[PDB]
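Undergrad: Starting off with a structure, shown below.
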Amino acid sequence: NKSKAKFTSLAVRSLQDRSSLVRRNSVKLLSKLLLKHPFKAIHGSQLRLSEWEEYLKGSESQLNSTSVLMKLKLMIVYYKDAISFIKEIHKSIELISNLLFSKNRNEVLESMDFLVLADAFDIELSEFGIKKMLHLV
DNA sequence: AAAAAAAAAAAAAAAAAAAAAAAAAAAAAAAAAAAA
C-alpha cells in the first residue's frame, strides 16, 4: 500500500511527458489505481476532499481532547495519506482535463475513460472535467 | 565621299549547386480475422 502513493506521484509527473504513448499509459495506470484502492475499509468508494478534511479535523480534535494514543496516531496518518492521495488525483484530473485536446485519438479516449471513472466516485472537480469533455463535439 | 574594319554597349540562352520541402525506412502499439 505504501508504494501506491509513489506510483501515483510518478504517474502524475509522467502525465506531462512529451511522448503520447507514455501519457496514455500513465492515464491507464491512474485509472487502474483509482478503480481499486486500499482506501475502502471505511466510507469506501467515496473520495470527497471536504468530507475527508472534516473527518481529519474531527480526528485531530479527538486526539487533542493505552491503545488510544497509537490508535489515533494510525488513524491520523491514514487520513493524511488519504488526503494526499485525493490531492494527487485532483491534480491528475486537472492535468488530464487540460490534456483532453490531443492529436492522437487513443489518448483522448483514455482521458475520457479516466474522467468518467473519476466522475463515478463523487469528486468536486469531476464536474469541471465533464464540462471540458462536453466541448469534444 | 562611299566602303570595309575594329571597339564597345546591349542582350539572349546556358551551366551551376547547395539548401529546404516532401517522402520513404524502421520499430512498436492497436484493431480485425483465423485457429484451437
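Residues are referred to by chain and number: the chain letter is A, B, ... according to the order shown in the C-alpha cells, the number counts from 1 in that chain, and ligands are numbered separately from 1 in the order shown.
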Report as an mmCIF file with N, CA, C and O atoms, in the first residue's frame all protein, DNA and RNA residues lying within 8 Å of residue 48 of chain A, evaluated on only C-alpha atoms (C1' of nucleotides), omitting residues in the same chain fewer than 6 positions from it.
TA:
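So result10.cif came out as:
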data_model
loop_
_atom_site.group_PDB
_atom_site.id
_atom_site.type_symbol
_atom_site.label_atom_id
_atom_site.label_comp_id
_atom_site.auth_asym_id
_atom_site.auth_seq_id
_atom_site.Cartn_x
_atom_site.Cartn_y
_atom_site.Cartn_z
ATOM 1 N N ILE A 86 -5.953 12.026 -2.463
ATOM 2 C CA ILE A 86 -7.048 12.761 -3.090
ATOM 3 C C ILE A 86 -6.521 14.003 -3.795
ATOM 4 O O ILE A 86 -6.955 14.335 -4.904
ATOM 5 N N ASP A 122 -17.835 10.318 -6.250
ATOM 6 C CA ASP A 122 -18.187 11.720 -6.056
ATOM 7 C C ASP A 122 -16.945 12.578 -5.849
ATOM 8 O O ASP A 122 -16.272 12.475 -4.818
ATOM 9 N N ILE A 123 -16.637 13.429 -6.826
ATOM 10 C CA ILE A 123 -15.465 14.296 -6.795
ATOM 11 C C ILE A 123 -15.912 15.711 -7.136
ATOM 12 O O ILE A 123 -16.665 15.913 -8.096
ATOM 13 N N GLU A 124 -15.454 16.687 -6.347
ATOM 14 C CA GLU A 124 -15.897 18.065 -6.537
ATOM 15 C C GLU A 124 -15.404 18.640 -7.861
ATOM 16 O O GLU A 124 -16.085 19.471 -8.472
#
Undergrad: Among chain A, which residues does DSSP mark as helix (DSSP H, G or I) when it is run on the backbone? Keep the chain and numbering as in the structure and answer as a ChimeraX atom specification.
TA: /A:2-14,20-35,49-64,67-99,105-120,126-136
Undergrad: Report, in Å with one decimal, the straight-line distance from atom CA of residue 98 of chain A to atom CA of residue 134 of chain A.
TA: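 Between atom CA of residue 98 of chain A and atom CA of residue 134 of chain A the gap works out to 13.0 Å.
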Undergrad: So that I can see what lies close to segment 57-59 of chain A, please list as an MDAnalysis selection string the residues with an atom at most 7 Å from it, counting only C-alpha atoms (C1' of nucleotides) and leaving out residues fewer than 4 positions away in the same chain.
TA: chainID A and resid 53 63 76
Undergrad: Write the selection just made, keeping C-alpha atoms, as a PDB file, in the first residue's frame?
TA:
ATOM      1  CA  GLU A  53     -10.836  17.001   5.549  1.00  0.00           C
ATOM      2  CA  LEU A  63      -6.675  13.341  19.820  1.00  0.00           C
ATOM      3  CA  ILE A  76      -4.417  10.396  11.623  1.00  0.00           C
TER       4      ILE A  76
END
Undergrad: Rank A:22, A:47, A:31, A:75 by their smallest atom-to-atom distance to residue 29 of chain B, using only C-alpha atoms (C1' of nucleotides), and report the top residue only.
TA: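 The answer is A:22, which sits nearest to residue 29 of chain B.
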Undergrad: Could you please select, counting only C-alpha atoms (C1' of nucleotides), the residues of chain A within 12 Å of chain B and state them as JSON, numbers by chain?
TA: {"A": [20, 21, 22, 24, 25, 105, 106]}
Undergrad: Could those residues be written to a file, using N, CA, C and O atoms, as a compact mmCIF listing (two decimals), in the first residue's frame?
TA:
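Everything below was put into out-v6.txt:
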# COMPACT_ATOMS: atom_id res chain seq x y z
N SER A 20 3.35 10.69 -26.39
CA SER A 20 1.92 10.44 -26.24
C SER A 20 1.63 9.07 -25.63
O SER A 20 0.73 8.96 -24.79
N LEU A 21 2.38 8.04 -26.04
CA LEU A 21 2.16 6.70 -25.50
C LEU A 21 2.42 6.66 -24.00
O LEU A 21 1.68 6.00 -23.26
N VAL A 22 3.45 7.36 -23.54
CA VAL A 22 3.73 7.43 -22.11
C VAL A 22 2.56 8.08 -21.38
O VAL A 22 2.16 7.64 -20.30
N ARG A 24 -0.65 8.13 -22.35
CA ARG A 24 -1.76 7.19 -22.31
C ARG A 24 -1.55 6.10 -21.27
O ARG A 24 -2.49 5.74 -20.55
N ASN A 25 -0.33 5.57 -21.17
CA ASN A 25 -0.06 4.55 -20.17
C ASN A 25 -0.16 5.11 -18.75
O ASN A 25 -0.61 4.41 -17.84
N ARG A 105 -6.08 9.94 -31.07
CA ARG A 105 -7.42 9.61 -30.59
C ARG A 105 -7.40 8.67 -29.39
O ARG A 105 -8.29 8.74 -28.55
N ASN A 106 -6.40 7.79 -29.30
CA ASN A 106 -6.33 6.87 -28.18
C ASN A 106 -6.12 7.61 -26.86
O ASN A 106 -6.72 7.26 -25.84
Undergrad: So, counting only C-alpha atoms, which residue among A:52, A:114, A:128, A:7 is closest to residue 87 of chain A?
TA: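 Among A:52, A:114, A:128, A:7, it is A:52 that comes nearest to residue 87 of chain A.
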Undergrad: Write out as number ranges by chain the residues lying within 8 Å of residue 126 of chain A, counting only C-alpha atoms (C1' of nucleotides) and excluding same-chain residues fewer than 4 positions away.
TA: A: 93, 115, 118-119, 122, 130
Undergrad: May I have the residues within 10 Å of residue 5 of chain A as number ranges by chain, using only C-alpha atoms (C1' of nucleotides) and disregarding those fewer than 2 positions away in the same chain?
TA: A: 1-3, 7-11, 33, 81-82, 84-85, 88
